[PDB]
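Reviewing the structure listed below.
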Amino acid sequence: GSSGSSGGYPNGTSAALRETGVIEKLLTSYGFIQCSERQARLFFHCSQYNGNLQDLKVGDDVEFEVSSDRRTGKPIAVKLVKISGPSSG
């Protein structure tokens, strides 16, 4: 066939829009992020966050992507990523 790495997102007509808010609540299993754009409290799973929840905390800005679940179809956060942190990787 051919080679390549998912071309160069965004892919498909509909692109991916990342939203930013704040960590309203946080737990050992997951946490909630208060969207400062839609004024709604989102629910992000500890799995979404790429970094280490340890670093994360309640009251810190974070970037995520609003998606739709498959069990409830509700707007949940995914692939969370702390905004502040220009540190290399």
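For the structure tokens, the naming scheme is as follows: chains receive sequential letters (A, B, ...) according to their order of presentation, residues are indexed from 1 within each chain, and ligands are indexed from 1 in presentation order.
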
Item to check | Spatial neighbours of range 62-64 of chain A, 8 Å, only C-alpha atoms, chain gap at least 5 places, as a list in words | outcome: residues 18, 19, 20, 21, 22, 23, 77, 78, 79, 80, 81, 82, 83 and 84 of chain A

Next on the checklist: Taking the DSSP secondary structure from the backbone, can you list the residues of chain A that are strand (DSSP E or B), as a ChimeraX atom specification?
Outcome noted: /A:18-26,30-35,40-45,62-68,75-82

Please produce an output containing N, CA and C atoms for each residue in the selection, written as a tab-separated table (two decimals), in the first residue's frame.
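Result file follows (out_6.tsv):
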```tsv
chain	number	residue	atom	x	y	z
A	18	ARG	N	-10.36	22.45	20.10
A	18	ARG	CA	-9.98	22.24	21.49
A	18	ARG	C	-10.53	23.35	22.38
A	19	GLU	N	-11.13	22.96	23.50
A	19	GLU	CA	-11.70	23.93	24.43
A	19	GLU	C	-10.82	24.07	25.68
A	20	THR	N	-10.91	25.22	26.32
A	20	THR	CA	-10.12	25.48	27.52
A	20	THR	C	-11.00	26.01	28.65
A	21	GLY	N	-10.75	25.52	29.87
A	21	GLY	CA	-11.53	25.96	31.01
A	21	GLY	C	-10.73	25.94	32.30
A	22	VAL	N	-11.24	25.23	33.30
A	22	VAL	CA	-10.56	25.14	34.59
A	22	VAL	C	-11.00	23.90	35.35
A	23	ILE	N	-10.11	23.38	36.19
A	23	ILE	CA	-10.41	22.19	36.99
A	23	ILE	C	-11.27	22.54	38.20
A	24	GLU	N	-12.58	22.43	38.04
A	24	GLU	CA	-13.51	22.74	39.12
A	24	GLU	C	-13.41	21.70	40.23
A	25	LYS	N	-13.44	20.43	39.85
A	25	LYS	CA	-13.35	19.34	40.82
A	25	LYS	C	-12.38	18.26	40.33
A	26	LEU	N	-11.78	17.55	41.27
A	26	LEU	CA	-10.83	16.49	40.94
A	26	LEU	C	-10.92	15.34	41.94
A	30	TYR	N	-11.33	10.42	38.56
A	30	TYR	CA	-11.44	11.41	37.51
A	30	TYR	C	-11.71	12.80	38.09
A	31	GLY	N	-11.93	13.77	37.21
A	31	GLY	CA	-12.20	15.13	37.66
A	31	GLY	C	-13.09	15.89	36.69
A	32	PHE	N	-13.62	17.02	37.15
A	32	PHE	CA	-14.50	17.84	36.32
A	32	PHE	C	-13.82	19.16	35.95
A	33	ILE	N	-14.07	19.62	34.73
A	33	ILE	CA	-13.48	20.87	34.26
A	33	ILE	C	-14.56	21.88	33.89
A	34	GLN	N	-14.58	23.01	34.60
A	34	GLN	CA	-15.57	24.05	34.34
A	34	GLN	C	-15.20	24.86	33.10
A	35	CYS	N	-15.88	24.59	32.00
A	35	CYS	CA	-15.62	25.29	30.75
A	35	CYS	C	-15.85	26.79	30.90
A	40	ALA	N	-20.12	25.73	31.35
A	40	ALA	CA	-20.66	24.43	31.74
A	40	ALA	C	-19.58	23.56	32.38
A	41	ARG	N	-19.98	22.77	33.38
A	41	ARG	CA	-19.05	21.90	34.07
A	41	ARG	C	-18.91	20.56	33.34
A	42	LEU	N	-17.74	20.34	32.75
A	42	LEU	CA	-17.48	19.11	32.01
A	42	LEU	C	-16.91	18.03	32.94
A	43	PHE	N	-16.89	16.79	32.46
A	43	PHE	CA	-16.38	15.68	33.24
A	43	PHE	C	-15.25	14.97	32.50
A	44	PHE	N	-14.02	15.21	32.93
A	44	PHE	CA	-12.85	14.60	32.30
A	44	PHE	C	-12.38	13.39	33.11
A	45	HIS	N	-12.00	12.33	32.40
A	45	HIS	CA	-11.52	11.11	33.04
A	45	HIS	C	-10.01	11.13	33.19
A	62	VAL	N	-6.71	24.12	31.82
A	62	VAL	CA	-6.33	22.93	31.07
A	62	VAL	C	-7.08	22.86	29.74
A	63	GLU	N	-6.39	22.39	28.71
A	63	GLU	CA	-6.99	22.27	27.38
A	63	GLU	C	-7.48	20.85	27.13
A	64	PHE	N	-8.67	20.73	26.56
A	64	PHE	CA	-9.25	19.43	26.26
A	64	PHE	C	-10.12	19.49	25.01
A	65	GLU	N	-10.64	18.34	24.60
A	65	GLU	CA	-11.49	18.26	23.42
A	65	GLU	C	-12.87	17.71	23.77
A	66	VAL	N	-13.91	18.48	23.47
A	66	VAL	CA	-15.28	18.07	23.75
A	66	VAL	C	-15.74	16.99	22.78
A	67	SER	N	-16.09	15.82	23.31
A	67	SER	CA	-16.54	14.71	22.49
A	67	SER	C	-17.88	14.18	22.99
A	68	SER	N	-18.43	13.20	22.27
A	68	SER	CA	-19.70	12.60	22.64
A	68	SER	C	-19.54	11.12	22.97
A	75	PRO	N	-21.68	15.25	26.34
A	75	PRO	CA	-20.44	15.98	26.03
A	75	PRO	C	-19.39	15.83	27.12
A	76	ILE	N	-18.40	14.98	26.87
A	76	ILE	CA	-17.33	14.74	27.83
A	76	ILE	C	-15.98	15.19	27.27
A	77	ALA	N	-15.03	15.45	28.16
A	77	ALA	CA	-13.70	15.88	27.76
A	77	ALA	C	-12.80	14.68	27.47
A	78	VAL	N	-11.81	14.89	26.62
A	78	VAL	CA	-10.88	13.82	26.25
A	78	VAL	C	-9.51	14.39	25.88
A	79	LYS	N	-8.49	13.55	25.94
A	79	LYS	CA	-7.13	13.96	25.61
A	79	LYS	C	-6.78	15.28	26.28
A	80	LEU	N	-7.06	15.37	27.58
A	80	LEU	CA	-6.78	16.58	28.35
A	80	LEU	C	-5.29	16.91	28.31
A	81	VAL	N	-4.97	18.20	28.40
A	81	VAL	CA	-3.59	18.65	28.38
A	81	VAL	C	-3.44	20.01	29.05
A	82	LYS	N	-2.60	20.06	30.08
A	82	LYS	CA	-2.37	21.30	30.81
A	82	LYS	C	-1.85	22.39	29.88
```

Checklist entry - Suppose you want the space between CA of residue 58 in chain A and CA of residue 74 in chain A; what is it in Å? => result 22.4 Å

Next on the checklist: Which residue is closest to residue 59 in chain A? Choose from A:36, A:47, A:8, A:73 and count only C-alpha atoms.
Outcome noted: A:36

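Separating CA of residue 51 in chain A from CA of residue 87 in chain A is a distance of 11.9 Å.
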
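The space between CA of residue 57 in chain A and CA of residue 29 in chain A spans 13.3 Å.
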